[PDB]
Structure formats: structure tokens, C-alpha cells
file target35.pdb (PDB, N, CA and C atoms (P, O5', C5', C4', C3', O3' and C1' of nucleotides) and all ligand atoms)
ATOM      1  N   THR A 188     160.057  69.629  86.037
ATOM      2  CA  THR A 188     159.259  70.857  86.015
ATOM      3  C   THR A 188     158.985  71.420  84.608
ATOM      4  N   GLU A 189     157.728  71.799  84.374
ATOM      5  CA  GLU A 189     157.205  72.357  83.126
ATOM      6  C   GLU A 189     157.724  73.785  82.886
ATOM      7  N   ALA A 190     157.893  74.157  81.613
ATOM      8  CA  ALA A 190     158.449  75.480  81.258
ATOM      9  C   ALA A 190     157.765  76.128  80.052
ATOM     10  N   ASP A 191     157.039  75.317  79.276
ATOM     11  CA  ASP A 191     156.286  75.803  78.122
ATOM     12  C   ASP A 191     155.323  76.915  78.494
ATOM     13  N   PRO A 192     155.472  78.075  77.859
ATOM     14  CA  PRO A 192     154.659  79.224  78.266
ATOM     15  C   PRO A 192     153.160  79.080  78.000
ATOM     16  N   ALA A 193     152.761  78.169  77.126
ATOM     17  CA  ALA A 193     151.329  78.042  76.862
ATOM     18  C   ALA A 193     150.678  77.180  77.923
ATOM     19  N   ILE A 194     151.380  76.142  78.358
ATOM     20  CA  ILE A 194     150.882  75.302  79.433
ATOM     21  C   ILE A 194     150.842  76.081  80.756
ATOM     22  N   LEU A 195     151.936  76.756  81.089
ATOM     23  CA  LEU A 195     151.981  77.549  82.321
ATOM     24  C   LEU A 195     150.856  78.579  82.416
ATOM     25  N   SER A 196     150.644  79.338  81.348
ATOM     26  CA  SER A 196     149.646  80.397  81.403
ATOM     27  C   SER A 196     148.211  79.855  81.495
ATOM     28  N   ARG A 197     147.928  78.729  80.843
ATOM     29  CA  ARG A 197     146.604  78.133  80.939
ATOM     30  C   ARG A 197     146.411  77.555  82.338
ATOM     31  N   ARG A 198     147.475  76.997  82.891
ATOM     32  CA  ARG A 198     147.349  76.405  84.202
ATOM     33  C   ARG A 198     147.114  77.529  85.215
ATOM     34  N   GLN A 199     147.761  78.664  84.992
ATOM     35  CA  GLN A 199     147.657  79.779  85.909
ATOM     36  C   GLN A 199     146.235  80.331  85.852
ATOM     37  N   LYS A 200     145.578  80.128  84.714
ATOM     38  CA  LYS A 200     144.278  80.714  84.453
ATOM     39  C   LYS A 200     143.233  79.890  85.185
ATOM     40  N   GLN A 201     143.327  78.573  85.051
ATOM     41  CA  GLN A 201     142.477  77.659  85.806
ATOM     42  C   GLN A 201     142.561  77.966  87.306
ATOM     43  N   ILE A 202     143.780  78.229  87.764
ATOM     44  CA  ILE A 202     144.031  78.581  89.149
ATOM     45  C   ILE A 202     143.384  79.903  89.507
ATOM     46  N   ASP A 203     143.652  80.932  88.707
ATOM     47  CA  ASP A 203     143.040  82.237  88.913
ATOM     48  C   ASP A 203     141.537  82.110  89.059
ATOM     49  N   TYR A 204     140.905  81.469  88.087
ATOM     50  CA  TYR A 204     139.496  81.126  88.182
ATOM     51  C   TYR A 204     139.143  80.561  89.557
ATOM     52  N   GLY A 205     139.980  79.659  90.060
ATOM     53  CA  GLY A 205     139.735  79.036  91.349
ATOM     54  C   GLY A 205     139.784  80.033  92.492
ATOM     55  N   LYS A 206     140.923  80.676  92.678
ATOM     56  CA  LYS A 206     141.024  81.675  93.720
ATOM     57  C   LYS A 206     140.419  83.000  93.270
ATOM     58  N   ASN A 207     139.220  82.915  92.707
ATOM     59  CA  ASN A 207     138.407  84.082  92.372
ATOM     60  C   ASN A 207     137.004  83.861  92.937
ATOM     61  N   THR A 208     136.718  82.612  93.313
ATOM     62  CA  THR A 208     135.435  82.233  93.906
ATOM     63  C   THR A 208     135.163  82.877  95.287
ATOM     64  N   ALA A 209     134.067  82.475  95.925
ATOM     65  CA  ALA A 209     133.774  82.923  97.284
ATOM     66  C   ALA A 209     134.593  82.126  98.305
ATOM     67  N   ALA A 210     134.457  80.805  98.251
ATOM     68  CA  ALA A 210     135.159  79.930  99.178
ATOM     69  C   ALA A 210     136.662  79.857  98.889
ATOM     70  N   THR A 230     145.719  72.550  96.060
ATOM     71  CA  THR A 230     146.003  73.385  94.890
ATOM     72  C   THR A 230     147.097  72.762  94.026
ATOM     73  N   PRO A 231     146.786  72.528  92.741
ATOM     74  CA  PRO A 231     147.680  71.847  91.796
ATOM     75  C   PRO A 231     148.903  72.698  91.472
ATOM     76  N   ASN A 232     150.081  72.087  91.446
ATOM     77  CA  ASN A 232     151.309  72.805  91.137
ATOM     78  C   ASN A 232     151.478  72.979  89.630
ATOM     79  N   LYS A 233     151.465  74.220  89.159
ATOM     80  CA  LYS A 233     151.527  74.492  87.725
ATOM     81  C   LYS A 233     152.900  74.155  87.149
ATOM     82  N   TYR A 234     153.900  74.084  88.019
ATOM     83  CA  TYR A 234     155.259  73.814  87.578
ATOM     84  C   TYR A 234     155.532  72.330  87.440
ATOM     85  N   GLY A 235     154.501  71.507  87.519
ATOM     86  CA  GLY A 235     154.724  70.065  87.513
ATOM     87  C   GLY A 235     154.503  69.380  86.175
ATOM     88  N   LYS A 236     155.226  68.299  85.937
ATOM     89  CA  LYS A 236     155.059  67.545  84.713
ATOM     90  C   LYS A 236     153.814  66.670  84.816
ATOM     91  N   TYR A 237     152.799  67.002  84.021
ATOM     92  CA  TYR A 237     151.565  66.217  83.983
ATOM     93  C   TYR A 237     150.935  66.255  82.623
ATOM     94  N   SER A 238     150.346  65.131  82.232
ATOM     95  CA  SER A 238     149.444  65.082  81.090
ATOM     96  C   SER A 238     148.276  66.071  81.273
ATOM     97  N   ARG A 239     147.631  66.420  80.167
ATOM     98  CA  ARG A 239     146.494  67.326  80.180
ATOM     99  C   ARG A 239     145.313  66.835  81.054
ATOM    100  N   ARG A 240     144.885  65.585  80.860
ATOM    101  CA  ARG A 240     143.815  64.988  81.664
ATOM    102  C   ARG A 240     144.185  64.970  83.144
ATOM    103  N   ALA A 241     145.460  64.761  83.423
ATOM    104  CA  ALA A 241     145.921  64.697  84.793
ATOM    105  C   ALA A 241     145.776  66.040  85.493
ATOM    106  N   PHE A 242     146.264  67.105  84.872
ATOM    107  CA  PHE A 242     146.154  68.418  85.501
ATOM    108  C   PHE A 242     144.708  68.898  85.546
ATOM    109  N   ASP A 243     143.973  68.599  84.484
ATOM    110  CA  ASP A 243     142.568  68.943  84.440
ATOM    111  C   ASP A 243     141.771  68.239  85.548
ATOM    112  N   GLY A 244     142.125  66.986  85.820
ATOM    113  CA  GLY A 244     141.520  66.230  86.900
ATOM    114  C   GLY A 244     141.698  66.843  88.283
ATOM    115  N   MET A 245     142.908  67.289  88.603
ATOM    116  CA  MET A 245     143.199  67.883  89.909
ATOM    117  C   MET A 245     142.477  69.207  90.130
ATOM    118  N   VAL A 246     142.340  69.975  89.059
ATOM    119  CA  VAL A 246     141.710  71.284  89.113
ATOM    120  C   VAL A 246     140.209  71.145  89.399
ATOM    121  N   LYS A 247     139.600  70.154  88.753
ATOM    122  CA  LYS A 247     138.207  69.782  88.952
ATOM    123  C   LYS A 247     137.956  69.505  90.429
ATOM    124  N   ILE A 248     138.514  68.403  90.919
ATOM    125  CA  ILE A 248     138.478  68.081  92.339
ATOM    126  C   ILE A 248     138.738  69.306  93.227
ATOM    127  N   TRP A 249     139.827  70.017  92.985
ATOM    128  CA  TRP A 249     140.166  71.142  93.842
ATOM    129  C   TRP A 249     139.072  72.192  93.814
ATOM    130  N   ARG A 250     138.483  72.424  92.648
ATOM    131  CA  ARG A 250     137.415  73.417  92.546
ATOM    132  C   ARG A 250     136.175  73.067  93.394
ATOM    133  N   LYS A 251     136.128  71.850  93.928
ATOM    134  CA  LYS A 251     135.092  71.466  94.885
ATOM    135  C   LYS A 251     135.674  70.605  96.017
ATOM    136  N   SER A 252     135.908  71.186  97.190
ATOM    137  CA  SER A 252     135.629  72.574  97.532
ATOM    138  C   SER A 252     136.762  72.826  98.523
ATOM    139  N   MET A 253     137.423  73.989  98.544
ATOM    140  CA  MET A 253     137.107  75.234  97.826
ATOM    141  C   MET A 253     135.723  75.810  98.108
TER     142      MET A 253
ATOM    143  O5'   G B   1     165.078  60.488  94.152
ATOM    144  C5'   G B   1     164.428  59.418  93.484
ATOM    145  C4'   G B   1     164.556  58.121  94.250
ATOM    146  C3'   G B   1     163.275  57.308  94.414
ATOM    147  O3'   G B   1     162.968  56.499  93.283
ATOM    148  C1'   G B   1     164.338  57.531  96.516
ATOM    149  P     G B   2     161.786  56.907  92.260
ATOM    150  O5'   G B   2     160.446  56.685  93.103
ATOM    151  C5'   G B   2     159.784  55.422  93.136
ATOM    152  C4'   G B   2     159.788  54.831  94.525
ATOM    153  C3'   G B   2     158.463  54.851  95.279
ATOM    154  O3'   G B   2     157.592  53.782  94.928
ATOM    155  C1'   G B   2     160.131  55.758  96.658
ATOM    156  P     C B   3     156.030  53.813  95.341
ATOM    157  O5'   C B   3     156.034  53.794  96.943
ATOM    158  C5'   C B   3     155.043  53.093  97.693
ATOM    159  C4'   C B   3     154.556  53.902  98.878
ATOM    160  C3'   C B   3     153.169  54.526  98.729
ATOM    161  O3'   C B   3     152.143  53.632  99.140
ATOM    162  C1'   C B   3     154.729  56.167  99.491
ATOM    163  P     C B   4     150.599  54.083  99.132
ATOM    164  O5'   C B   4     150.502  55.007  97.845
ATOM    165  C5'   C B   4     149.246  55.299  97.271
ATOM    166  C4'   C B   4     148.647  56.543  97.867
ATOM    167  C3'   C B   4     147.914  57.415  96.870
ATOM    168  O3'   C B   4     146.607  56.963  96.604
ATOM    169  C1'   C B   4     149.421  58.753  98.065
ATOM    170  P     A B   5     146.097  56.943  95.087
ATOM    171  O5'   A B   5     145.514  58.417  94.918
ATOM    172  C5'   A B   5     144.845  59.037  96.007
ATOM    173  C4'   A B   5     144.908  60.537  95.931
ATOM    174  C3'   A B   5     144.653  61.140  94.561
ATOM    175  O3'   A B   5     143.288  61.142  94.189
ATOM    176  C1'   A B   5     146.550  62.159  95.491
ATOM    177  P     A B   6     142.794  60.141  93.030
ATOM    178  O5'   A B   6     143.027  60.970  91.695
ATOM    179  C5'   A B   6     142.626  62.329  91.618
ATOM    180  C4'   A B   6     143.232  63.005  90.422
ATOM    181  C3'   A B   6     143.265  62.169  89.159
ATOM    182  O3'   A B   6     142.026  62.150  88.485
ATOM    183  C1'   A B   6     145.383  63.129  89.490
ATOM    184  P     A B   7     141.528  60.804  87.775
ATOM    185  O5'   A B   7     142.534  60.590  86.559
ATOM    186  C5'   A B   7     142.593  61.519  85.489
ATOM    187  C4'   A B   7     143.875  61.379  84.706
ATOM    188  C3'   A B   7     144.038  60.087  83.926
ATOM    189  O3'   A B   7     143.407  60.179  82.665
ATOM    190  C1'   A B   7     146.044  60.582  85.108
ATOM    191  P     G B   8     142.515  58.976  82.102
ATOM    192  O5'   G B   8     143.324  58.445  80.836
ATOM    193  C5'   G B   8     144.527  57.706  81.006
ATOM    194  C4'   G B   8     145.161  57.377  79.679
ATOM    195  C3'   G B   8     145.694  58.562  78.886
ATOM    196  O3'   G B   8     147.006  58.912  79.297
ATOM    197  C1'   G B   8     144.385  57.174  77.475
ATOM    198  P     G B   9     147.442  60.446  79.495
ATOM    199  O5'   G B   9     147.678  60.970  78.013
ATOM    200  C5'   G B   9     148.883  60.722  77.319
ATOM    201  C4'   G B   9     148.837  61.354  75.956
ATOM    202  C3'   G B   9     148.475  62.828  75.929
ATOM    203  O3'   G B   9     149.578  63.653  76.215
ATOM    204  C1'   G B   9     147.213  61.679  74.301
ATOM    205  P     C B  10     149.360  65.104  76.850
ATOM    206  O5'   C B  10     148.429  65.838  75.803
ATOM    207  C5'   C B  10     148.995  66.415  74.652
ATOM    208  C4'   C B  10     147.942  66.879  73.677
ATOM    209  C3'   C B  10     147.103  68.061  74.076
ATOM    210  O3'   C B  10     147.821  69.270  74.068
ATOM    211  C1'   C B  10     145.734  66.479  73.014
ATOM    212  P     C B  11     147.317  70.516  74.947
ATOM    213  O5'   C B  11     145.917  70.927  74.299
ATOM    214  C5'   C B  11     145.863  71.699  73.115
ATOM    215  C4'   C B  11     144.450  71.877  72.608
ATOM    216  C3'   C B  11     143.527  72.755  73.423
ATOM    217  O3'   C B  11     143.824  74.127  73.362
ATOM    218  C1'   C B  11     142.331  70.883  72.691
ATOM    219  P     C B  12     143.362  75.046  74.590
ATOM    220  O5'   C B  12     141.819  75.341  74.310
ATOM    221  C5'   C B  12     141.396  76.018  73.139
ATOM    222  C4'   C B  12     139.893  75.991  73.009
ATOM    223  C3'   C B  12     139.096  76.700  74.088
ATOM    224  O3'   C B  12     139.121  78.113  73.999
ATOM    225  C1'   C B  12     138.094  74.631  73.656
ATOM    226  P     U B  13     139.158  78.972  75.359
ATOM    227  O5'   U B  13     137.690  78.807  75.976
ATOM    228  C5'   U B  13     136.531  79.193  75.256
ATOM    229  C4'   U B  13     135.275  78.757  75.969
ATOM    230  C3'   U B  13     135.042  79.334  77.353
ATOM    231  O3'   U B  13     134.543  80.652  77.291
ATOM    232  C1'   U B  13     134.505  77.029  77.347
ATOM    233  P     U B  14     135.355  81.886  77.917
ATOM    234  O5'   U B  14     135.060  81.785  79.482
ATOM    235  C5'   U B  14     133.782  82.132  80.012
ATOM    236  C4'   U B  14     133.293  81.099  80.998
ATOM    237  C3'   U B  14     131.905  81.347  81.605
ATOM    238  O3'   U B  14     131.174  80.121  81.674
ATOM    239  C1'   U B  14     133.512  81.102  83.336
ATOM    240  P     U B  15     130.397  79.595  80.378
ATOM    241  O5'   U B  15     129.158  78.763  80.939
ATOM    242  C5'   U B  15     128.326  79.246  81.985
ATOM    243  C4'   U B  15     127.651  78.113  82.729
ATOM    244  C3'   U B  15     128.575  77.148  83.458
ATOM    245  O3'   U B  15     127.984  76.858  84.729
ATOM    246  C1'   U B  15     127.144  75.927  82.035
ATOM    247  P     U B  16     128.219  77.874  85.964
ATOM    248  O5'   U B  16     129.649  77.449  86.510
ATOM    249  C5'   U B  16     129.949  76.076  86.711
ATOM    250  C4'   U B  16     131.353  75.885  87.214
ATOM    251  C3'   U B  16     131.936  77.053  88.007
ATOM    252  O3'   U B  16     132.750  76.547  89.055
ATOM    253  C1'   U B  16     133.336  76.548  86.178
ATOM    254  P     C B  17     132.115  76.224  90.491
ATOM    255  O5'   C B  17     132.472  74.695  90.736
ATOM    256  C5'   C B  17     131.906  73.695  89.911
ATOM    257  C4'   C B  17     131.870  72.349  90.588
ATOM    258  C3'   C B  17     130.816  71.414  90.024
ATOM    259  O3'   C B  17     131.270  70.075  90.174
ATOM    260  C1'   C B  17     130.337  71.820  92.289
ATOM    261  P     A B  18     131.448  69.162  88.878
ATOM    262  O5'   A B  18     130.742  69.988  87.722
ATOM    263  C5'   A B  18     129.354  69.869  87.481
ATOM    264  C4'   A B  18     128.939  70.776  86.359
ATOM    265  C3'   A B  18     129.311  70.274  84.991
ATOM    266  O3'   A B  18     128.412  69.293  84.546
ATOM    267  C1'   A B  18     129.956  72.532  85.176
ATOM    268  P     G B  19     128.829  68.297  83.365
ATOM    269  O5'   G B  19     128.795  69.218  82.071
ATOM    270  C5'   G B  19     127.592  69.811  81.639
ATOM    271  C4'   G B  19     127.814  70.579  80.374
ATOM    272  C3'   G B  19     128.558  69.839  79.285
ATOM    273  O3'   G B  19     127.729  68.936  78.584
ATOM    274  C1'   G B  19     129.472  71.993  79.517
ATOM    275  P     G B  20     128.344  67.614  77.908
ATOM    276  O5'   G B  20     129.259  68.182  76.728
ATOM    277  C5'   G B  20     128.695  68.933  75.667
ATOM    278  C4'   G B  20     129.745  69.602  74.801
ATOM    279  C3'   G B  20     130.718  68.710  74.049
ATOM    280  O3'   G B  20     130.148  68.045  72.933
ATOM    281  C1'   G B  20     131.884  70.549  74.940
ATOM    282  P     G B  21     130.720  66.611  72.471
ATOM    283  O5'   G B  21     132.043  66.957  71.647
ATOM    284  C5'   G B  21     132.006  67.875  70.564
ATOM    285  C4'   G B  21     133.385  68.303  70.105
ATOM    286  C3'   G B  21     134.341  67.215  69.640
ATOM    287  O3'   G B  21     134.039  66.718  68.347
ATOM    288  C1'   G B  21     135.508  68.741  71.003
ATOM    289  P     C B  22     134.333  65.180  67.972
ATOM    290  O5'   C B  22     135.892  65.165  67.660
ATOM    291  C5'   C B  22     136.385  65.866  66.526
ATOM    292  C4'   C B  22     137.892  65.927  66.490
ATOM    293  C3'   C B  22     138.618  64.593  66.398
ATOM    294  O3'   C B  22     138.627  64.074  65.077
ATOM    295  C1'   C B  22     139.648  65.936  68.047
ATOM    296  P     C B  23     138.469  62.496  64.810
ATOM    297  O5'   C B  23     139.754  61.848  65.498
ATOM    298  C5'   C B  23     141.068  62.199  65.081
ATOM    299  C4'   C B  23     142.117  61.639  66.011
ATOM    300  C3'   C B  23     142.044  60.149  66.296
ATOM    301  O3'   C B  23     142.528  59.345  65.234
ATOM    302  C1'   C B  23     142.462  61.314  68.307
ATOM    303  P     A B  24     141.965  57.852  65.031
ATOM    304  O5'   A B  24     142.478  57.059  66.314
ATOM    305  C5'   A B  24     143.864  56.842  66.511
ATOM    306  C4'   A B  24     144.163  56.370  67.911
ATOM    307  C3'   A B  24     143.492  55.080  68.344
ATOM    308  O3'   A B  24     144.115  53.930  67.803
ATOM    309  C1'   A B  24     143.339  56.674  70.082
ATOM    310  P     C B  25     143.226  52.671  67.349
ATOM    311  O5'   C B  25     142.883  51.943  68.727
ATOM    312  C5'   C B  25     143.925  51.525  69.594
ATOM    313  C4'   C B  25     143.428  51.241  70.990
ATOM    314  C3'   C B  25     142.288  50.246  71.121
ATOM    315  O3'   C B  25     142.678  48.891  70.964
ATOM    316  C1'   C B  25     141.841  52.109  72.482
ATOM    317  P     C B  26     141.758  47.888  70.101
ATOM    318  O5'   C B  26     140.268  48.416  70.343
ATOM    319  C5'   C B  26     139.218  47.516  70.676
ATOM    320  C4'   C B  26     137.889  47.953  70.103
ATOM    321  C3'   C B  26     136.788  46.902  70.116
ATOM    322  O3'   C B  26     136.136  46.797  71.370
ATOM    323  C1'   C B  26     136.880  47.920  67.982
TER     324        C B  26
HETATM  325 CA    CA A 301     144.321  56.812  91.315
HETATM  326 CA    CA A 302     150.330  58.918  81.354
END

call {"tool": "encode", "arguments": {"input": "target35.pdb", "output": "C-alpha cells", "more": "lines below"}}
Ligand SMILES: [Ca+2]
Ligand SMILES: [Ca+2]
result
Amino acid sequence: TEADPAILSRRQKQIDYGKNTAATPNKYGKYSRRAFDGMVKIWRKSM
RNA sequence: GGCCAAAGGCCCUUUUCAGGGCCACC
């Protein structure tokens, strides 16, 4: 599990953006940047 | 434990069903 406050807060932000839409990746997980970015993309559609 | 999803490493953006950058892999 991830603990770095910069990674957590950015991940939380991508999520916030998501559950702010009209219409889910675990932020506490160990993942490369491309990996987490990939899941958020897919998840954002749709959602 | 592993079985699937995502995934080169890292970074920026509400163009966010998306756009962009560094580095590496000739
Ligand atoms: Ca795959
Ligand atoms: Ca990897």
C-alpha cells in the first residue's frame, strides 16, 4: 500500500473529478504512474 | 497464495469519453 502524500492526493483528485460528473481504482495501491492513469481513463468511461 | 483488470519510468492539464510533456527503448 502507497503512503506518499503527493501520490495519494493526486490520485484522490482524479477520483474527485470522476465522482463529480453526471453519470474505481484503489488509491492505496502500489502502481506505476501509467498503470494508475490507465485505470482512471477506462473508469472515466463510463461512468 | 496465486487468477483477471491497468501497466516502459516519471510529470502537467478539467480539451477530462480528452489534450500535452520529459526520459528510456534506435
Ligand atoms: Ca493486460
Ligand atoms: Ca512495471

call {"tool": "interface_residues", "arguments": {"input": "target35.pdb", "of": "chain B", "to": "chain A", "cutoff": "7 Å", "atoms": "only C-alpha atoms (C1' of nucleotides)", "output": "PDB file with N, CA and C atoms (P, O5', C5', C4', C3', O3' and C1' of nucleotides), keeping the file's coordinate frame"}}
result
ATOM      1  P     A B   6     142.794  60.141  93.030  1.00  0.00           P
ATOM      2  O5'   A B   6     143.027  60.970  91.695  1.00  0.00           O
ATOM      3  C5'   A B   6     142.626  62.329  91.618  1.00  0.00           C
ATOM      4  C4'   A B   6     143.232  63.005  90.422  1.00  0.00           C
ATOM      5  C3'   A B   6     143.265  62.169  89.159  1.00  0.00           C
ATOM      6  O3'   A B   6     142.026  62.150  88.485  1.00  0.00           O
ATOM      7  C1'   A B   6     145.383  63.129  89.490  1.00  0.00           C
ATOM      8  P     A B   7     141.528  60.804  87.775  1.00  0.00           P
ATOM      9  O5'   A B   7     142.534  60.590  86.559  1.00  0.00           O
ATOM     10  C5'   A B   7     142.593  61.519  85.489  1.00  0.00           C
ATOM     11  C4'   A B   7     143.875  61.379  84.706  1.00  0.00           C
ATOM     12  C3'   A B   7     144.038  60.087  83.926  1.00  0.00           C
ATOM     13  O3'   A B   7     143.407  60.179  82.665  1.00  0.00           O
ATOM     14  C1'   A B   7     146.044  60.582  85.108  1.00  0.00           C
ATOM     15  P     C B  17     132.115  76.224  90.491  1.00  0.00           P
ATOM     16  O5'   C B  17     132.472  74.695  90.736  1.00  0.00           O
ATOM     17  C5'   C B  17     131.906  73.695  89.911  1.00  0.00           C
ATOM     18  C4'   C B  17     131.870  72.349  90.588  1.00  0.00           C
ATOM     19  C3'   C B  17     130.816  71.414  90.024  1.00  0.00           C
ATOM     20  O3'   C B  17     131.270  70.075  90.174  1.00  0.00           O
ATOM     21  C1'   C B  17     130.337  71.820  92.289  1.00  0.00           C
TER      22        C B  17
END

call {"tool": "resolve_selection", "arguments": {"input": "target35.pdb", "expression": "the PyMOL selection byres (((chain B and resi 11) around 8) and not hetatm)", "output": "list in words"}}
result
residues 194, 238 and 239 of chain A; 9, 10, 12, 13, 21 and 22 of chain B

call {"tool": "atom_distance", "arguments": {"input": "target35.pdb", "atom1": "atom CA of ligand CA 302 (chain A)", "atom2": "atom C of residue 198 of chain A"}}
result
19.3 Å

call {"tool": "atom_distance", "arguments": {"input": "target35.pdb", "atom1": "atom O5' of residue 26 of chain B", "atom2": "atom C4' of residue 8 of chain B"}}
result
13.8 Å

call {"tool": "residues_near_point", "arguments": {"input": "target35.pdb", "point": "(149.4, 75.9, 90.2)", "cutoff": "8 Å", "atoms": "only N, CA and C atoms (P, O5', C5', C4', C3', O3' and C1' of nucleotides)", "output": "PyMOL selection string"}}
result
chain A and resi 198-203+230-235

call {"tool": "atom_distance", "arguments": {"input": "target35.pdb", "atom1": "atom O3' of residue 2 of chain B", "atom2": "atom N of residue 191 of chain A"}}
result
26.6 Å
